[PDB]
Amino acid sequence: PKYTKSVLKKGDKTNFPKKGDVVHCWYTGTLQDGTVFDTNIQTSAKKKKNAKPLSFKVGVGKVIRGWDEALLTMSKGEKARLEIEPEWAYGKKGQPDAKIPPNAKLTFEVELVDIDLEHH
Ligand SMILES: C=CC[C@@H]1/C=C(\C)C[C@H](C)C[C@H](OC)[C@H]2O[C@@](O)(C(=O)C(=O)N3CCCC[C@H]3C(=O)O[C@H](/C(C)=C/[C@@H]3CC[C@@H](O)[C@H](OC)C3)[C@H](C)[C@@H](O)CC1=O)[C@H](C)C[C@@H]2OC
C-alpha cells in the first residue's frame with residue numbers, strides 16, 4: 001500500500017470526514033531516520049487559547065495525497081501514525097525548505113481534533 005495507518009488513540013468510531021469537509025489536526029512529521037521536520041504542536045508556554053490546529057478542506061488536493069487519503073479513514077478524536085510512501089508525499093522533488101530529500105517515506109502522527117461538515 002501507498003500508506004499505512006496505526007491507531008495510537010481510538011476516535012469516536014462515529015464521525016468520519018467526507019470529501020469536502022473541513023478537518024482540524026495536530027501533527028508531527030518525521031523522516032525515517034527520526035529527524036523531526038515539522039510540527040504544529042507548540043512547545044512555548046502557549047498551548048490552549050493561543051495555538052490553533054491545522055485546518056483544511058479534505059479530499060480535494062489541499063494536502064499531500066497520503067493525508068487526503070488517510071484522513072477519510074479516521075474518526076473524530078483519533079490519533080494515528082501514518083507512514084506515507086514518497087509518491088503520496090513529495091516524491092522525487094522532495095521539499096527543500098523543510099529539508100525533505102527526494103524519495104522520502106514520511107511518518108506523521110496526526111490527531112484529528114474536529115470536523116466541520118462542509119460537504120453539505
Ligand atoms: C498560506 C500559506 C500557504 C499554506 C501553508 C501553511 C499554512 C503552512 C503549513 C501548515 C506548513 C507548510 O506548508 C507550506 C509546510 O508543511 C510541511 O512542514 C509538512 O509537514 C507537510 O508536508 N504538511 C503539513 C501538514 C499536512 C500535510 C502536509 C501538507 O500537505 O501541507 C499542505 C501542503 C504544503 C500542500 C501542498 C500543496 C501543493 C501540492 O503540489 C503539494 O504536493 C507535493 C502539497 C499545507 C497544509 C497547505 O495546504 C497550506 C498552505 O499551502 C512541509 C514538509 C513543508 C511546508 O513548508 C514549505
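Residues take their numbers from the sequence shown, with the count starting at 1. Order of listing sets the numbers, starting from 1, for every ligand and every atom in it.
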One finds that the ligand 1 atoms under 4.0 Å from a non-hydrogen atom of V63 are 30 (O)
Distance only, no hydrogens: is a donor on one side chain within 3.5 Å (strictly under) of an acceptor on the other, for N103 and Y90? no
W67 versus ligand 1: do any nitrogen or oxygen atoms come within less than 3.5 Å of each other? no
Filtering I64, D97, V23, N40 for the heavy atom nearest atom 30 (O) of ligand 1 leaves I64
_Closer than 3.5 angstrom, by distance alone: can the side chain of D116 be matched with the main-chain N or O of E118 as a donor-acceptor pair?_
no
Under 4.0 Å from atom 3 (C) of ligand 1, do we find at least one protein heavy atom?
no
**Asked** Does the distance from a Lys or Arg side-chain N to an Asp or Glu carboxylate O, for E111 and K9, drop under 4.0 Å?
**Response** yes
Note: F37, heavy atoms under 4.0 Å from ligand 1, region reported as side chain
In ligand 1, the atoms that come under 4.0 Å of a heavy atom of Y90 are 21 (C), 22 (O), 34 (C), 43 (C), 52 (C), 53 (C)
> Does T107 reach the main-chain N or O of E83 with its side chain, forming a donor-acceptor pair under 3.5 Å?
Replying inline: no
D38 heavy atoms within 4.0 Å reach ligand 1 at atoms 16 (O), 17 (C), 18 (O), 19 (C), 20 (O)
Please determine if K2 and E87 form a salt bridge, counting it only when a charged side-chain N lies under 4.0 Å from a carboxylate O. yes
I'd like to know if atom 51 (O) of ligand 1 has any protein heavy atom within a distance of less than 4.0 Å.
no
Only residue of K5, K10, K13 satisfying side-chain hydrogen bond (donor to acceptor under 3.5 Å, both in side chains) with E78 is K5
Note: ligand 1 atoms sitting under 4.0 Å from heavy atoms of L54 are 10 (C), 25 (C), 26 (C), 46 (C)
Test side-chain contact (heavy atoms from CB on, under 4.5 Å), reference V23, set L54, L112, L72, output is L112
Q) Under the 4.0 Å line, does any protein heavy atom show up next to atom 34 (C) of ligand 1? A) yes
One finds that the ligand 1 atoms under 4.0 Å from a non-hydrogen atom of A98 are 53 (C), 54 (C)
A student checking ligand 1 against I100 at a 4.0 Å heavy-atom cut-off should list atoms 53 (C)
query: Within a distance of under 4.0 Å, is there any protein heavy atom near atom 19 (C) of ligand 1?
result: yes
Please check atom 40 (O) of ligand 1 for a protein heavy-atom neighbour under 4.0 Å.
no
Nearest protein heavy atom under 4.0 Å from atom 25 (C) of ligand 1, yes or no:
yes
Classify the side-chain pair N40/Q42 by whether it contains a donor and acceptor separated by less than 3.5 Å. no
Taking every heavy atom of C25 against every heavy atom of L71, the minimum-distance pair comes out as SG-CD1, 4.0 Å
Note to self: Donor-acceptor pair, distance only, cut-off 3.5 Å: does the side chain of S44 make one with the backbone of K46?
What the structure shows: no
- Message: Using the rule given for side chain to side chain contact (heavy atoms under 4.5 Å, CB included), can you reason through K79 versus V110, listing the C-alpha separation, both sets of side-chain angles and the distance that settles it, and then say yes or no?
- Response: CA-CA 6 Å; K79 190 186 183 174; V110 183; over 6 Å; no
- prompt: Under a 4.0 Å N-O cut-off, is there an ion pair linking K76 with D114?
  reply: yes
Subject >> Protein non-hydrogen atom below 4.0 angstrom of atom 16 (O) of ligand 1 present >> reply: yes
* Asked: So, does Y27 sit close enough to ligand 1 that a heavy atom of it is under 4.0 Å from the ligand?
  -> yes
If the contact criterion is a heavy-atom separation under 4.0 Å, does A89 count as touching ligand 1?
yes
Taking only non-hydrogen atoms of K62 and a 4.0 Å limit, the atoms of ligand 1 in range are 32 (C), 35 (C), 47 (C), 48 (O)
- Item | Worked verdict on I84 versus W67 for side chain to side chain contact (heavy atoms under 4.5 Å, CB included) | CA-CA 8 Å; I84 302 172; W67 272 63; 3.7 Å; yes
Notebook entry, point to check: Any non-hydrogen protein atom below 4.0 Å of atom 7 (C) of ligand 1?
Noted result: no
Notebook entry, point to check: Taking distance alone, with no angle check, do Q95 and ligand 1 share an N/O pair under 3.5 Å?
Noted result: no
